[PDB]
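run-v1.cif (mmCIF, C-alpha atoms; chains and numbers go by the auth columns) appears below.
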```
data_start
#
loop_
_atom_site.group_PDB
_atom_site.id
_atom_site.type_symbol
_atom_site.label_atom_id
_atom_site.label_comp_id
_atom_site.label_asym_id
_atom_site.label_seq_id
_atom_site.Cartn_x
_atom_site.Cartn_y
_atom_site.Cartn_z
_atom_site.B_iso_or_equiv
_atom_site.auth_seq_id
_atom_site.auth_asym_id
ATOM 1 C CA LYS A 1 -36.880 -30.766 -20.343 0.00 1 O
ATOM 2 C CA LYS A 2 -36.425 -30.224 -16.586 0.00 2 O
ATOM 3 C CA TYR A 3 -40.055 -29.820 -15.470 0.00 3 O
ATOM 4 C CA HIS A 4 -42.837 -31.274 -17.651 0.00 4 O
ATOM 5 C CA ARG A 5 -46.003 -30.412 -15.764 0.00 5 O
ATOM 6 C CA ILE A 6 -45.870 -26.869 -14.437 0.00 6 O
ATOM 7 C CA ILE A 7 -48.723 -25.109 -12.663 0.00 7 O
ATOM 8 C CA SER A 8 -48.397 -21.300 -12.771 0.00 8 O
ATOM 9 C CA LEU A 9 -50.464 -19.371 -10.217 0.00 9 O
ATOM 10 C CA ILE A 10 -49.951 -15.706 -11.118 0.00 10 O
ATOM 11 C CA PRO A 11 -50.031 -14.080 -14.554 0.00 11 O
ATOM 12 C CA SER A 12 -46.485 -12.604 -14.402 0.00 12 O
ATOM 13 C CA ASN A 13 -45.128 -16.133 -13.793 0.00 13 O
ATOM 14 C CA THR A 14 -47.104 -17.459 -16.747 0.00 14 O
ATOM 15 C CA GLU A 15 -45.859 -14.702 -19.053 0.00 15 O
ATOM 16 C CA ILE A 16 -42.240 -15.365 -18.098 0.00 16 O
ATOM 17 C CA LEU A 17 -42.566 -19.146 -18.575 0.00 17 O
ATOM 18 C CA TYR A 18 -43.903 -18.610 -22.093 0.00 18 O
ATOM 19 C CA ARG A 19 -41.066 -16.179 -22.907 0.00 19 O
ATOM 20 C CA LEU A 20 -38.594 -18.838 -21.727 0.00 20 O
ATOM 21 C CA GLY A 21 -39.978 -21.189 -24.383 0.00 21 O
ATOM 22 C CA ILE A 22 -41.674 -23.584 -21.979 0.00 22 O
ATOM 23 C CA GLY A 23 -45.325 -22.566 -22.299 0.00 23 O
ATOM 24 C CA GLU A 24 -45.999 -26.041 -23.672 0.00 24 O
ATOM 25 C CA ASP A 25 -44.913 -27.510 -20.331 0.00 25 O
ATOM 26 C CA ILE A 26 -47.634 -25.707 -18.381 0.00 26 O
ATOM 27 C CA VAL A 27 -50.660 -27.813 -17.380 0.00 27 O
ATOM 28 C CA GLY A 28 -52.427 -25.245 -15.224 0.00 28 O
ATOM 29 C CA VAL A 29 -52.731 -21.478 -14.858 0.00 29 O
ATOM 30 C CA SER A 30 -54.798 -19.216 -12.657 0.00 30 O
ATOM 31 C CA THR A 31 -58.339 -18.101 -13.392 0.00 31 O
ATOM 32 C CA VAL A 32 -57.055 -14.582 -14.049 0.00 32 O
ATOM 33 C CA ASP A 33 -54.307 -15.410 -16.566 0.00 33 O
ATOM 34 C CA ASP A 34 -54.850 -13.198 -19.645 0.00 34 O
ATOM 35 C CA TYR A 35 -51.607 -13.397 -21.608 0.00 35 O
ATOM 36 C CA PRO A 36 -50.674 -14.521 -24.083 0.00 36 O
ATOM 37 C CA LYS A 37 -53.710 -14.968 -26.325 0.00 37 O
ATOM 38 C CA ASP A 38 -55.600 -18.162 -25.471 0.00 38 O
ATOM 39 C CA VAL A 39 -53.228 -19.006 -22.583 0.00 39 O
ATOM 40 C CA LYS A 40 -56.080 -20.692 -20.701 0.00 40 O
ATOM 41 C CA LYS A 41 -57.083 -23.089 -23.504 0.00 41 O
ATOM 42 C CA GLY A 42 -55.869 -26.653 -23.036 0.00 42 O
ATOM 43 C CA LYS A 43 -54.960 -25.930 -19.391 0.00 43 O
ATOM 44 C CA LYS A 44 -56.420 -26.475 -15.915 0.00 44 O
ATOM 45 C CA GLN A 45 -57.568 -23.228 -14.262 0.00 45 O
ATOM 46 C CA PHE A 46 -57.016 -22.609 -10.567 0.00 46 O
ATOM 47 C CA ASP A 47 -58.452 -19.936 -8.303 0.00 47 O
ATOM 48 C CA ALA A 48 -55.348 -18.814 -6.413 0.00 48 O
ATOM 49 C CA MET A 49 -57.550 -17.371 -3.652 0.00 49 O
ATOM 50 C CA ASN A 50 -59.651 -20.507 -3.321 0.00 50 O
ATOM 51 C CA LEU A 51 -57.335 -23.348 -4.374 0.00 51 O
ATOM 52 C CA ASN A 52 -58.843 -26.797 -4.925 0.00 52 O
ATOM 53 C CA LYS A 53 -56.221 -29.106 -3.338 0.00 53 O
ATOM 54 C CA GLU A 54 -57.596 -32.329 -4.830 0.00 54 O
ATOM 55 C CA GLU A 55 -57.692 -30.792 -8.303 0.00 55 O
ATOM 56 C CA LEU A 56 -54.079 -29.686 -7.892 0.00 56 O
ATOM 57 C CA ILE A 57 -52.981 -33.224 -6.957 0.00 57 O
ATOM 58 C CA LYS A 58 -55.063 -34.626 -9.806 0.00 58 O
ATOM 59 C CA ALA A 59 -53.178 -32.437 -12.293 0.00 59 O
ATOM 60 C CA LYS A 60 -50.005 -34.237 -11.177 0.00 60 O
ATOM 61 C CA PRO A 61 -47.638 -31.220 -11.399 0.00 61 O
ATOM 62 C CA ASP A 62 -43.878 -31.470 -10.888 0.00 62 O
ATOM 63 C CA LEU A 63 -43.617 -27.699 -10.375 0.00 63 O
ATOM 64 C CA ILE A 64 -46.023 -25.162 -8.918 0.00 64 O
ATOM 65 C CA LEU A 65 -44.706 -21.710 -9.613 0.00 65 O
ATOM 66 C CA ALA A 66 -46.396 -19.245 -7.264 0.00 66 O
ATOM 67 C CA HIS A 67 -45.676 -15.723 -6.025 0.00 67 O
ATOM 68 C CA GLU A 68 -44.465 -14.288 -2.704 0.00 68 O
ATOM 69 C CA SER A 69 -47.687 -12.239 -2.545 0.00 69 O
ATOM 70 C CA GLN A 70 -49.621 -15.534 -2.242 0.00 70 O
ATOM 71 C CA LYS A 71 -47.813 -17.163 0.690 0.00 71 O
ATOM 72 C CA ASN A 72 -50.567 -16.125 3.125 0.00 72 O
ATOM 73 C CA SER A 73 -53.540 -17.302 1.046 0.00 73 O
ATOM 74 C CA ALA A 74 -52.348 -19.980 -1.390 0.00 74 O
ATOM 75 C CA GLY A 75 -49.708 -21.113 1.132 0.00 75 O
ATOM 76 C CA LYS A 76 -52.357 -22.786 3.275 0.00 76 O
ATOM 77 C CA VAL A 77 -53.137 -25.218 0.466 0.00 77 O
ATOM 78 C CA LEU A 78 -49.758 -25.505 -1.280 0.00 78 O
ATOM 79 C CA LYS A 79 -48.120 -26.763 1.937 0.00 79 O
ATOM 80 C CA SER A 80 -50.002 -30.006 1.302 0.00 80 O
ATOM 81 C CA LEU A 81 -48.642 -30.325 -2.248 0.00 81 O
ATOM 82 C CA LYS A 82 -45.092 -29.715 -1.012 0.00 82 O
ATOM 83 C CA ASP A 83 -45.532 -32.499 1.581 0.00 83 O
ATOM 84 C CA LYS A 84 -46.385 -34.865 -1.285 0.00 84 O
ATOM 85 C CA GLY A 85 -43.079 -33.872 -2.907 0.00 85 O
ATOM 86 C CA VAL A 86 -44.264 -31.407 -5.520 0.00 86 O
ATOM 87 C CA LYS A 87 -41.684 -28.631 -5.978 0.00 87 O
ATOM 88 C CA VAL A 88 -43.381 -25.423 -4.791 0.00 88 O
ATOM 89 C CA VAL A 89 -41.745 -22.064 -5.479 0.00 89 O
ATOM 90 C CA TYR A 90 -42.768 -18.551 -4.448 0.00 90 O
ATOM 91 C CA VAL A 91 -41.250 -16.034 -6.871 0.00 91 O
ATOM 92 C CA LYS A 92 -40.224 -12.929 -4.941 0.00 92 O
ATOM 93 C CA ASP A 93 -42.509 -9.883 -5.154 0.00 93 O
ATOM 94 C CA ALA A 94 -40.525 -7.474 -7.373 0.00 94 O
ATOM 95 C CA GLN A 95 -40.835 -3.816 -6.346 0.00 95 O
ATOM 96 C CA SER A 96 -38.504 -2.379 -9.011 0.00 96 O
ATOM 97 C CA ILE A 97 -37.478 -2.935 -12.626 0.00 97 O
ATOM 98 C CA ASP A 98 -34.155 -4.492 -11.603 0.00 98 O
ATOM 99 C CA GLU A 99 -35.910 -6.874 -9.202 0.00 99 O
ATOM 100 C CA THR A 100 -38.179 -7.909 -12.054 0.00 100 O
ATOM 101 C CA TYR A 101 -35.078 -8.835 -14.066 0.00 101 O
ATOM 102 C CA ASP A 102 -33.970 -10.749 -10.978 0.00 102 O
ATOM 103 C CA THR A 103 -37.042 -12.980 -11.150 0.00 103 O
ATOM 104 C CA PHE A 104 -36.466 -13.615 -14.854 0.00 104 O
ATOM 105 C CA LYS A 105 -33.057 -15.050 -13.985 0.00 105 O
ATOM 106 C CA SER A 106 -34.363 -16.947 -10.941 0.00 106 O
ATOM 107 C CA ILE A 107 -37.053 -18.690 -12.958 0.00 107 O
ATOM 108 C CA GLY A 108 -34.526 -19.307 -15.723 0.00 108 O
ATOM 109 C CA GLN A 109 -32.172 -21.059 -13.329 0.00 109 O
ATOM 110 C CA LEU A 110 -35.011 -23.002 -11.701 0.00 110 O
ATOM 111 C CA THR A 111 -36.238 -24.421 -15.029 0.00 111 O
ATOM 112 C CA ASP A 112 -32.825 -24.841 -16.664 0.00 112 O
ATOM 113 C CA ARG A 113 -33.644 -22.144 -19.215 0.00 113 O
ATOM 114 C CA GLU A 114 -30.778 -19.831 -18.262 0.00 114 O
ATOM 115 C CA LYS A 115 -29.867 -18.898 -21.842 0.00 115 O
ATOM 116 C CA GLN A 116 -33.476 -17.905 -22.523 0.00 116 O
ATOM 117 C CA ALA A 117 -33.721 -15.886 -19.305 0.00 117 O
ATOM 118 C CA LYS A 118 -30.645 -13.872 -20.262 0.00 118 O
ATOM 119 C CA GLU A 119 -32.142 -13.162 -23.663 0.00 119 O
ATOM 120 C CA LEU A 120 -35.414 -12.235 -21.960 0.00 120 O
ATOM 121 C CA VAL A 121 -33.635 -9.839 -19.590 0.00 121 O
ATOM 122 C CA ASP A 122 -31.647 -8.252 -22.414 0.00 122 O
ATOM 123 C CA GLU A 123 -34.660 -7.725 -24.674 0.00 123 O
ATOM 124 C CA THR A 124 -36.705 -6.321 -21.826 0.00 124 O
ATOM 125 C CA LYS A 125 -33.900 -3.898 -20.912 0.00 125 O
ATOM 126 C CA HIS A 126 -33.850 -2.786 -24.548 0.00 126 O
ATOM 127 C CA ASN A 127 -37.552 -1.948 -24.538 0.00 127 O
ATOM 128 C CA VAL A 128 -37.376 -0.243 -21.149 0.00 128 O
ATOM 129 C CA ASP A 129 -34.319 1.807 -22.151 0.00 129 O
ATOM 130 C CA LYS A 130 -36.232 2.921 -25.234 0.00 130 O
ATOM 131 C CA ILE A 131 -39.036 4.386 -23.061 0.00 131 O
ATOM 132 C CA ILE A 132 -36.530 5.955 -20.633 0.00 132 O
ATOM 133 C CA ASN A 133 -34.753 7.483 -23.617 0.00 133 O
ATOM 134 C CA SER A 134 -38.028 8.843 -25.007 0.00 134 O
ATOM 135 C CA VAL A 135 -38.193 11.306 -22.128 0.00 135 O
ATOM 136 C CA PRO A 136 -37.549 14.818 -23.428 0.00 136 O
ATOM 137 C CA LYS A 137 -33.955 15.932 -22.629 0.00 137 O
ATOM 138 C CA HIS A 138 -35.148 19.285 -21.348 0.00 138 O
ATOM 139 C CA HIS A 139 -38.239 19.182 -19.139 0.00 139 O
ATOM 140 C CA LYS A 140 -39.563 20.953 -16.046 0.00 140 O
ATOM 141 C CA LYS A 141 -38.760 19.016 -12.859 0.00 141 O
ATOM 142 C CA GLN A 142 -42.186 17.532 -12.112 0.00 142 O
ATOM 143 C CA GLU A 143 -43.521 16.199 -8.798 0.00 143 O
ATOM 144 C CA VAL A 144 -45.977 13.301 -8.971 0.00 144 O
ATOM 145 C CA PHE A 145 -48.418 12.102 -6.329 0.00 145 O
ATOM 146 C CA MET A 146 -49.299 8.408 -6.655 0.00 146 O
ATOM 147 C CA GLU A 147 -52.655 7.678 -5.079 0.00 147 O
ATOM 148 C CA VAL A 148 -52.785 3.925 -4.402 0.00 148 O
ATOM 149 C CA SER A 149 -55.891 3.838 -2.229 0.00 149 O
ATOM 150 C CA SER A 150 -58.520 6.441 -1.407 0.00 150 O
ATOM 151 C CA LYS A 151 -61.256 5.149 0.871 0.00 151 O
ATOM 152 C CA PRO A 152 -61.638 5.815 3.695 0.00 152 O
ATOM 153 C CA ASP A 153 -58.010 6.978 3.969 0.00 153 O
ATOM 154 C CA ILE A 154 -55.813 8.106 1.091 0.00 154 O
ATOM 155 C CA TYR A 155 -52.621 6.128 0.576 0.00 155 O
ATOM 156 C CA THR A 156 -49.592 7.003 -1.462 0.00 156 O
ATOM 157 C CA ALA A 157 -46.563 5.067 -2.619 0.00 157 O
ATOM 158 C CA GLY A 158 -43.196 6.298 -1.383 0.00 158 O
ATOM 159 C CA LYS A 159 -39.730 4.797 -1.773 0.00 159 O
ATOM 160 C CA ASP A 160 -39.158 1.037 -2.083 0.00 160 O
ATOM 161 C CA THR A 161 -42.208 0.718 -4.333 0.00 161 O
ATOM 162 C CA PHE A 162 -42.612 -0.264 -7.952 0.00 162 O
ATOM 163 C CA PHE A 163 -44.397 2.979 -8.743 0.00 163 O
ATOM 164 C CA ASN A 164 -41.518 4.917 -7.185 0.00 164 O
ATOM 165 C CA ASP A 165 -38.854 3.124 -9.193 0.00 165 O
ATOM 166 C CA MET A 166 -40.794 3.827 -12.385 0.00 166 O
ATOM 167 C CA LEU A 167 -40.921 7.535 -11.523 0.00 167 O
ATOM 168 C CA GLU A 168 -37.177 7.589 -10.883 0.00 168 O
ATOM 169 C CA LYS A 169 -36.449 5.861 -14.197 0.00 169 O
ATOM 170 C CA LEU A 170 -38.619 8.457 -15.924 0.00 170 O
ATOM 171 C CA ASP A 171 -36.670 11.252 -14.191 0.00 171 O
ATOM 172 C CA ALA A 172 -39.721 12.473 -12.270 0.00 172 O
ATOM 173 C CA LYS A 173 -39.913 13.219 -8.530 0.00 173 O
ATOM 174 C CA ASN A 174 -42.187 11.400 -6.060 0.00 174 O
ATOM 175 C CA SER A 175 -44.115 13.937 -3.932 0.00 175 O
ATOM 176 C CA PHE A 176 -43.610 11.519 -1.039 0.00 176 O
ATOM 177 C CA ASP A 177 -40.042 10.311 -1.514 0.00 177 O
ATOM 178 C CA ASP A 178 -39.641 10.901 2.232 0.00 178 O
ATOM 179 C CA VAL A 179 -41.804 7.867 3.111 0.00 179 O
ATOM 180 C CA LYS A 180 -41.315 4.131 2.467 0.00 180 O
ATOM 181 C CA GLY A 181 -43.775 1.582 1.070 0.00 181 O
ATOM 182 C CA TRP A 182 -47.502 2.325 1.101 0.00 182 O
ATOM 183 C CA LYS A 183 -48.511 4.915 3.717 0.00 183 O
ATOM 184 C CA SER A 184 -51.678 6.824 4.535 0.00 184 O
ATOM 185 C CA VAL A 185 -51.362 10.597 4.102 0.00 185 O
ATOM 186 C CA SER A 186 -53.769 13.341 5.122 0.00 186 O
ATOM 187 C CA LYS A 187 -55.457 15.693 2.657 0.00 187 O
ATOM 188 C CA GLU A 188 -53.663 18.595 4.363 0.00 188 O
ATOM 189 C CA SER A 189 -50.355 16.832 3.754 0.00 189 O
ATOM 190 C CA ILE A 190 -50.970 16.319 0.019 0.00 190 O
ATOM 191 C CA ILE A 191 -52.093 19.954 -0.410 0.00 191 O
ATOM 192 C CA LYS A 192 -48.916 21.190 1.277 0.00 192 O
ATOM 193 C CA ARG A 193 -46.691 19.002 -0.946 0.00 193 O
ATOM 194 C CA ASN A 194 -48.452 20.616 -3.908 0.00 194 O
ATOM 195 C CA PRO A 195 -47.846 17.937 -6.601 0.00 195 O
ATOM 196 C CA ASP A 196 -47.860 18.905 -10.284 0.00 196 O
ATOM 197 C CA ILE A 197 -49.554 15.658 -11.312 0.00 197 O
ATOM 198 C CA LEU A 198 -51.993 13.296 -9.531 0.00 198 O
ATOM 199 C CA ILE A 199 -52.118 9.674 -10.641 0.00 199 O
ATOM 200 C CA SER A 200 -54.564 7.204 -9.126 0.00 200 O
ATOM 201 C CA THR A 201 -53.537 3.570 -9.493 0.00 201 O
ATOM 202 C CA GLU A 202 -56.856 2.024 -8.538 0.00 202 O
ATOM 203 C CA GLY A 203 -58.045 1.445 -12.095 0.00 203 O
ATOM 204 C CA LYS A 204 -60.943 3.892 -11.876 0.00 204 O
ATOM 205 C CA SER A 205 -62.160 5.754 -14.942 0.00 205 O
ATOM 206 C CA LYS A 206 -60.507 9.137 -15.371 0.00 206 O
ATOM 207 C CA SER A 207 -63.811 10.984 -14.971 0.00 207 O
ATOM 208 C CA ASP A 208 -64.466 9.191 -11.657 0.00 208 O
ATOM 209 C CA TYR A 209 -61.124 10.131 -10.128 0.00 209 O
ATOM 210 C CA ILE A 210 -61.643 13.675 -11.401 0.00 210 O
ATOM 211 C CA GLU A 211 -65.002 13.828 -9.598 0.00 211 O
ATOM 212 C CA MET A 212 -63.506 12.529 -6.347 0.00 212 O
ATOM 213 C CA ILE A 213 -60.773 15.183 -6.523 0.00 213 O
ATOM 214 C CA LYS A 214 -63.387 17.891 -7.014 0.00 214 O
ATOM 215 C CA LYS A 215 -65.134 16.761 -3.841 0.00 215 O
ATOM 216 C CA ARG A 216 -61.917 16.958 -1.805 0.00 216 O
ATOM 217 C CA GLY A 217 -61.738 20.165 0.191 0.00 217 O
ATOM 218 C CA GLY A 218 -58.708 22.320 -0.480 0.00 218 O
ATOM 219 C CA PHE A 219 -57.521 20.340 -3.496 0.00 219 O
ATOM 220 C CA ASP A 220 -58.647 23.298 -5.655 0.00 220 O
ATOM 221 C CA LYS A 221 -55.334 24.969 -4.852 0.00 221 O
ATOM 222 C CA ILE A 222 -52.921 22.185 -5.942 0.00 222 O
ATOM 223 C CA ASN A 223 -50.695 22.658 -9.076 0.00 223 O
ATOM 224 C CA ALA A 224 -52.069 19.391 -10.556 0.00 224 O
ATOM 225 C CA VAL A 225 -55.734 20.325 -10.169 0.00 225 O
ATOM 226 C CA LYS A 226 -55.242 23.851 -11.605 0.00 226 O
ATOM 227 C CA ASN A 227 -53.359 22.473 -14.626 0.00 227 O
ATOM 228 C CA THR A 228 -55.718 19.496 -15.052 0.00 228 O
ATOM 229 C CA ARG A 229 -52.983 16.895 -14.663 0.00 229 O
ATOM 230 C CA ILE A 230 -55.273 14.304 -13.093 0.00 230 O
ATOM 231 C CA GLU A 231 -54.795 10.787 -14.494 0.00 231 O
ATOM 232 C CA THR A 232 -55.685 7.190 -13.678 0.00 232 O
ATOM 233 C CA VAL A 233 -53.883 3.953 -14.277 0.00 233 O
ATOM 234 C CA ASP A 234 -54.574 0.291 -13.411 0.00 234 O
ATOM 235 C CA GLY A 235 -51.728 -0.146 -10.948 0.00 235 O
ATOM 236 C CA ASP A 236 -51.786 -3.926 -10.997 0.00 236 O
ATOM 237 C CA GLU A 237 -51.535 -3.917 -14.795 0.00 237 O
ATOM 238 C CA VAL A 238 -48.797 -1.309 -15.220 0.00 238 O
ATOM 239 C CA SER A 239 -46.686 -2.700 -12.385 0.00 239 O
ATOM 240 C CA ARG A 240 -47.074 -6.346 -13.408 0.00 240 O
ATOM 241 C CA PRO A 241 -43.567 -7.747 -12.900 0.00 241 O
ATOM 242 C CA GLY A 242 -43.425 -9.510 -16.277 0.00 242 O
ATOM 243 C CA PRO A 243 -41.828 -9.192 -19.726 0.00 243 O
ATOM 244 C CA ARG A 244 -44.199 -6.354 -20.709 0.00 244 O
ATOM 245 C CA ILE A 245 -43.102 -3.838 -18.031 0.00 245 O
ATOM 246 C CA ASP A 246 -41.970 -1.472 -20.779 0.00 246 O
ATOM 247 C CA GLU A 247 -45.610 -1.015 -21.758 0.00 247 O
ATOM 248 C CA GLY A 248 -46.510 -0.139 -18.163 0.00 248 O
ATOM 249 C CA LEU A 249 -43.582 2.271 -17.954 0.00 249 O
ATOM 250 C CA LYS A 250 -44.730 3.826 -21.234 0.00 250 O
ATOM 251 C CA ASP A 251 -48.224 4.426 -19.868 0.00 251 O
ATOM 252 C CA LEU A 252 -46.786 6.259 -16.875 0.00 252 O
ATOM 253 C CA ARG A 253 -44.513 8.248 -19.199 0.00 253 O
ATOM 254 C CA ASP A 254 -47.413 9.489 -21.331 0.00 254 O
ATOM 255 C CA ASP A 255 -49.241 10.674 -18.173 0.00 255 O
ATOM 256 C CA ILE A 256 -46.219 12.638 -16.964 0.00 256 O
ATOM 257 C CA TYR A 257 -45.106 13.983 -20.333 0.00 257 O
ATOM 258 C CA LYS A 258 -48.100 15.099 -22.431 0.00 258 O
#
```
What is this file in structure tokens?
Amino acid sequence: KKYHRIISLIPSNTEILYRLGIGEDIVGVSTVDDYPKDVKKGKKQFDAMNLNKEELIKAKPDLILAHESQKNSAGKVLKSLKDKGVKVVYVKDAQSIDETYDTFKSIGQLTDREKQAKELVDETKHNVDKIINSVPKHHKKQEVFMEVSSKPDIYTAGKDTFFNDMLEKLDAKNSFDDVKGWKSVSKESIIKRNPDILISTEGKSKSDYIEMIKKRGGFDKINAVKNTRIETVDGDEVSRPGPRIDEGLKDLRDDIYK
């Protein structure tokens, strides 16, 4: 009713729009949109990293719903669309579960689907709370190292990150709760922190991350390596700030609580 020709440039945006009941108002999505089934059919596809400005104009959108993470790449092109009077919105980059709920409401208010956004927030809370509640009442206080990059320097995720908020919701401890955002850490530093679980978020196969760990000097000692608590996750998938965050949280849960 409010916007009739929406272009959505990041999959989380697209998922939220569909859950608000306005998927039929979307004329374009990005080349990497994968949800729901057949989302790309009957739509224009845009490469958010290499946006075709003329093709965007040609699609005649009244709303382009982008993401804060894209200001520095897509922004270069979208500035033109905005000048032509197309409404261009950058949904904030959520780095927690509560901030994800925030964007549900923001997009709801933007598209006059406030009732639907409330329902979407409530249902998502329900699913999340179910995973949180599935954590065994008695458990050993476990320290988790999140490896978010590995070459040539290893990076972890400390406080103010999506991975950290997930840990806290799952009542686990972040080995590096003393740092903020994404920071490089030395091998010596990780060994000293002695995490009970290592989780790589780079989307590598488990066997590949296991082989890297084996080639790291000194890692032999670590709690996690001795107890074979070495896991991998696709960080971009599990931390996707959309309506299916409960599934991502569940993945992390099953790596922490075997």
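Applied to the shown file, the PyMOL selection byres ((chain O and resi 12) around 7) selects the residues residues 10, 11, 13, 14, 15, 16, 240, 241 and 242 of chain O.
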**Asked** Around (-32.6, -4.4, -11.4) in the file's own coordinates, what residues are found within 12 Å if you use all atoms listed in the file, given back as a PyMOL selection string?
**Response** chain O and resi 94-105+121-122+124-125+128+162+165-166+169+241
**Item:** Spatial neighbours of residue 135 (chain O), max dist 8 Å, all atoms listed in the file, sep filter under 6 positions, as a PyMOL selection string
**Value:** chain O and resi 170+253+257
**Request:** Please provide the set of residues having any atom within 6 Å of region 149-161 of chain O, restricted to only C-alpha atoms, with same-chain residues fewer than 6 positions apart removed, written as number ranges by chain.
**Result:** O: 95, 176-177, 179-185
**Request:** Fewer than 3 positions away in the same chain doesn't count, so skip those; otherwise give me all residues within 9 Å of region 88-92 of chain O, counting all atoms listed in the file, as a list in words.
**Result:**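 Once the adjacent positions are removed, what remains is residues 13, 62, 63, 64, 65, 66, 67, 68, 69, 70, 71, 78, 79, 81, 82, 85, 99, 100, 102, 103, 106 and 107 of chain O.
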With C-alpha atoms retained, write the just-selected residues as a PDB file, keeping the file's coordinate frame.
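Output file again02.pdb follows:
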```
ATOM      1  CA  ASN O  13     -45.128 -16.133 -13.793  1.00  0.00           C
ATOM      2  CA  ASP O  62     -43.878 -31.470 -10.888  1.00  0.00           C
ATOM      3  CA  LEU O  63     -43.617 -27.699 -10.375  1.00  0.00           C
ATOM      4  CA  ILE O  64     -46.023 -25.162  -8.918  1.00  0.00           C
ATOM      5  CA  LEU O  65     -44.706 -21.710  -9.613  1.00  0.00           C
ATOM      6  CA  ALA O  66     -46.396 -19.245  -7.264  1.00  0.00           C
ATOM      7  CA  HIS O  67     -45.676 -15.723  -6.025  1.00  0.00           C
ATOM      8  CA  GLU O  68     -44.465 -14.288  -2.704  1.00  0.00           C
ATOM      9  CA  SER O  69     -47.687 -12.239  -2.545  1.00  0.00           C
ATOM     10  CA  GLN O  70     -49.621 -15.534  -2.242  1.00  0.00           C
ATOM     11  CA  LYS O  71     -47.813 -17.163   0.690  1.00  0.00           C
ATOM     12  CA  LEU O  78     -49.758 -25.505  -1.280  1.00  0.00           C
ATOM     13  CA  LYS O  79     -48.120 -26.763   1.937  1.00  0.00           C
ATOM     14  CA  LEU O  81     -48.642 -30.325  -2.248  1.00  0.00           C
ATOM     15  CA  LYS O  82     -45.092 -29.715  -1.012  1.00  0.00           C
ATOM     16  CA  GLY O  85     -43.079 -33.872  -2.907  1.00  0.00           C
ATOM     17  CA  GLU O  99     -35.910  -6.874  -9.202  1.00  0.00           C
ATOM     18  CA  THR O 100     -38.179  -7.909 -12.054  1.00  0.00           C
ATOM     19  CA  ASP O 102     -33.970 -10.749 -10.978  1.00  0.00           C
ATOM     20  CA  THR O 103     -37.042 -12.980 -11.150  1.00  0.00           C
ATOM     21  CA  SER O 106     -34.363 -16.947 -10.941  1.00  0.00           C
ATOM     22  CA  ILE O 107     -37.053 -18.690 -12.958  1.00  0.00           C
TER      23      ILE O 107
END
```
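When all atoms listed in the file are used to compute distances to residue 112 (chain O), the closest of the residues O:249, O:212, O:17, O:29 turns out to be O:17.
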Could you work out an axis-aligned bounding box for all listed atoms of region 217-223 of chain O, with 6 Å added on each of the six sides, and give its centre and edge lengths in Å to one decimal, as AutoDock Vina command-line options?
```
--center_x -56.2 --center_y 22.6 --center_z -4.4 --size_x 23.0 --size_y 16.8 --size_z 21.3
```
**Request:** Name the closest residue to residue 8 (chain O) among the candidates O:229, O:40, O:187, O:76; distances are taken between atoms, counting only C-alpha atoms.
**Result:** O:40
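You will find CA of residue 137 (chain O) at 25.2 Å from CA of residue 226 (chain O).
The gap separating CA of residue 145 (chain O) from CA of residue 200 (chain O) is 8.3 Å, in Å to one decimal.
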**Prompt:** Mind listing as a VMD selection string all residues within 9 Å of (-57.3, -17.3, -6.7), counting only C-alpha atoms?
**Reply:** chain O and resid 9 to 10 30 to 32 46 to 51 73 to 74
**Item:** Residue contacts of residue 3 (chain O) (8 Å, only C-alpha atoms) excluding same-chain residues fewer than 2 positions away, as a PyMOL selection string
**Value:** chain O and resi 1+5-6+25+62-63+111
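Take CA of residue 59 (chain O) and CA of residue 37 (chain O): the distance between them is 22.4 Å.
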Since the input is missing atoms for region 121-129 of chain O, could you rebuild it with N, CA and C atoms and give the result as a PDB file, keeping the file's coordinate frame?
```
ATOM      1  N   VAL O 121     -34.027 -11.008 -20.367  1.00  0.00           N
ATOM      2  CA  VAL O 121     -33.635  -9.839 -19.590  1.00  0.00           C
ATOM      3  C   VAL O 121     -33.118  -8.773 -20.539  1.00  0.00           C
ATOM      4  N   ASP O 122     -32.256  -9.184 -21.466  1.00  0.00           N
ATOM      5  CA  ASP O 122     -31.647  -8.252 -22.414  1.00  0.00           C
ATOM      6  C   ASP O 122     -32.670  -7.557 -23.309  1.00  0.00           C
ATOM      7  N   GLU O 123     -33.662  -8.301 -23.785  1.00  0.00           N
ATOM      8  CA  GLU O 123     -34.660  -7.725 -24.674  1.00  0.00           C
ATOM      9  C   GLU O 123     -35.570  -6.784 -23.903  1.00  0.00           C
ATOM     10  N   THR O 124     -35.856  -7.147 -22.659  1.00  0.00           N
ATOM     11  CA  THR O 124     -36.705  -6.321 -21.826  1.00  0.00           C
ATOM     12  C   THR O 124     -35.990  -5.014 -21.455  1.00  0.00           C
ATOM     13  N   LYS O 125     -34.694  -5.095 -21.158  1.00  0.00           N
ATOM     14  CA  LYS O 125     -33.900  -3.898 -20.912  1.00  0.00           C
ATOM     15  C   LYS O 125     -33.958  -2.982 -22.127  1.00  0.00           C
ATOM     16  N   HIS O 126     -33.830  -3.565 -23.317  1.00  0.00           N
ATOM     17  CA  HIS O 126     -33.850  -2.786 -24.548  1.00  0.00           C
ATOM     18  C   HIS O 126     -35.143  -1.982 -24.669  1.00  0.00           C
ATOM     19  N   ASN O 127     -36.272  -2.629 -24.421  1.00  0.00           N
ATOM     20  CA  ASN O 127     -37.552  -1.948 -24.538  1.00  0.00           C
ATOM     21  C   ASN O 127     -37.740  -0.888 -23.469  1.00  0.00           C
ATOM     22  N   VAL O 128     -37.290  -1.189 -22.252  1.00  0.00           N
ATOM     23  CA  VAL O 128     -37.376  -0.243 -21.149  1.00  0.00           C
ATOM     24  C   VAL O 128     -36.500   0.968 -21.445  1.00  0.00           C
ATOM     25  N   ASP O 129     -35.257   0.725 -21.848  1.00  0.00           N
ATOM     26  CA  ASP O 129     -34.319   1.807 -22.151  1.00  0.00           C
ATOM     27  C   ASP O 129     -34.828   2.713 -23.261  1.00  0.00           C
TER      28      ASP O 129
END
```
